[PDB]
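Below is one structure, written out as structure tokens; the observations come after it.
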Amino acid sequence: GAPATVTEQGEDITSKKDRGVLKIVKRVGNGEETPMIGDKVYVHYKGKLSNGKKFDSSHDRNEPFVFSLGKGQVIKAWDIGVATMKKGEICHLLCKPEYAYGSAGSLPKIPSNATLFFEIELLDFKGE
Ligand SMILES: O=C1[C@@H]2CCC[C@H]([C@@H](CO)CN1Cc1ccccn1)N2S(=O)(=O)c1cc(Cl)cc(Cl)c1
């Protein structure tokens, strides 16, 4: 399925080239611009664990997830991955635990040493 495909065929987008964050662009976005550090970004997403279970979805809340990029408000894989996205892009992101919740996990939903899969749509980004 999609998690296997990003694992096997995704691009390593880490600066360290440690295959900790892998990406496939699923829907090509607009032009060339990507958000910059500190921008307010609006996304829709769904996340899955490696046992196949969906653990979260913004779509199901009927409102986007909003954060300021590059500030550690989200897991490292998201600061790295969303920074690569164009407006309107949809991507798949595979996040090894070192770029997510590590050995601690995040109870109740995220176990220890969890590789996470996301589908992310970048709706908008704006400077404040
Ligand atoms: O960094 C995150 C990432 C990436 C952005 C989208 C979500 C948000 C909103 O739930 C949570 N965070 C930040 C965060 C804040 C507080 C505790 C743990 N993580 N998550 S997430 O991995 O989907 C997530 C979803 C759910 Cl339901 C619980 C947890 Cl612990 C994590």
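In the structure tokens, each chain is lettered A, B, ... as it comes, each chain's residues begin at 1, and ligands are numbered from 1 in order of appearance.
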
Taking only C-alpha atoms and all ligand atoms into account, which residues have an atom no farther than 10 Å from ligand 1? I'd like them as a VMD selection string.
chain A and resid 43 to 49 54 to 58 64 to 67 72 to 79 95 99 to 101 105 to 111 116 to 118 120

>> Run DSSP on the backbone and tell me which residues of chain A come out as strand (DSSP E or B); list them as a count of residues only.
In response: 45

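Using only C-alpha atoms, the smallest distance between any of A:126, A:17, A:86, A:96 and residue 34 of chain A comes from A:86.
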
### Selected residue, from A:52, A:31, A:38, A:102, that lies nearest to residue 87 of chain A when counting only C-alpha atoms
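Closest residue, counting only C-alpha atoms: A:31.
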
Next on the checklist: For residue 6 of chain A, find every residue with an atom within 10 Å (counting only C-alpha atoms), except residues of its own chain fewer than 6 positions away, and show them as a list in words.
Outcome noted: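 Listed by chain and then number, they are residues 12, 21, 22, 23, 24, 25, 91, 92, 93, 94 and 117 of chain A.
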
Any chance you can output those residues with N, CA and C atoms as a PDB file, in the first residue's frame?
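Done, and the output landed in selection-v2.pdb:
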ATOM      1  N   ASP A  12      14.624  10.672   0.221  1.00  0.00           N
ATOM      2  CA  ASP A  12      15.143  11.059   1.539  1.00  0.00           C
ATOM      3  C   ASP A  12      15.306  12.570   1.540  1.00  0.00           C
ATOM      4  N   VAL A  21      13.255  10.643   7.080  1.00  0.00           N
ATOM      5  CA  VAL A  21      12.056  11.271   6.558  1.00  0.00           C
ATOM      6  C   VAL A  21      12.057  11.037   5.069  1.00  0.00           C
ATOM      7  N   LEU A  22      11.075  10.270   4.580  1.00  0.00           N
ATOM      8  CA  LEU A  22      10.949   9.912   3.173  1.00  0.00           C
ATOM      9  C   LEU A  22       9.645  10.520   2.640  1.00  0.00           C
ATOM     10  N   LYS A  23       9.694  10.952   1.387  1.00  0.00           N
ATOM     11  CA  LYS A  23       8.568  11.697   0.808  1.00  0.00           C
ATOM     12  C   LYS A  23       8.238  11.247  -0.596  1.00  0.00           C
ATOM     13  N   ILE A  24       6.960  11.207  -0.935  1.00  0.00           N
ATOM     14  CA  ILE A  24       6.484  11.137  -2.322  1.00  0.00           C
ATOM     15  C   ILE A  24       5.475  12.268  -2.514  1.00  0.00           C
ATOM     16  N   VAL A  25       5.656  13.038  -3.585  1.00  0.00           N
ATOM     17  CA  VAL A  25       4.654  14.023  -3.990  1.00  0.00           C
ATOM     18  C   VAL A  25       3.542  13.290  -4.736  1.00  0.00           C
ATOM     19  N   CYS A  91       1.311  15.299  -0.305  1.00  0.00           N
ATOM     20  CA  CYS A  91       2.408  14.362  -0.242  1.00  0.00           C
ATOM     21  C   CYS A  91       2.129  13.261   0.749  1.00  0.00           C
ATOM     22  N   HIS A  92       2.944  12.211   0.631  1.00  0.00           N
ATOM     23  CA  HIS A  92       3.064  11.149   1.625  1.00  0.00           C
ATOM     24  C   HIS A  92       4.412  11.316   2.305  1.00  0.00           C
ATOM     25  N   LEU A  93       4.416  11.185   3.622  1.00  0.00           N
ATOM     26  CA  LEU A  93       5.609  11.360   4.441  1.00  0.00           C
ATOM     27  C   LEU A  93       5.732  10.170   5.361  1.00  0.00           C
ATOM     28  N   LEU A  94       6.893   9.534   5.342  1.00  0.00           N
ATOM     29  CA  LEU A  94       7.214   8.428   6.244  1.00  0.00           C
ATOM     30  C   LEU A  94       8.235   8.972   7.243  1.00  0.00           C
ATOM     31  N   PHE A 117       3.194   7.327   9.282  1.00  0.00           N
ATOM     32  CA  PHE A 117       2.864   7.626   7.905  1.00  0.00           C
ATOM     33  C   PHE A 117       1.829   8.741   7.890  1.00  0.00           C
TER      34      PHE A 117
END

Using only C-alpha atoms, the residue out of A:88, A:1, A:10, A:81 with shortest distance to residue 69 of chain A is A:81

Atom pair atom CA of residue 14 of chain A + atom CA of residue 113 of chain A, distance 18.6 Å
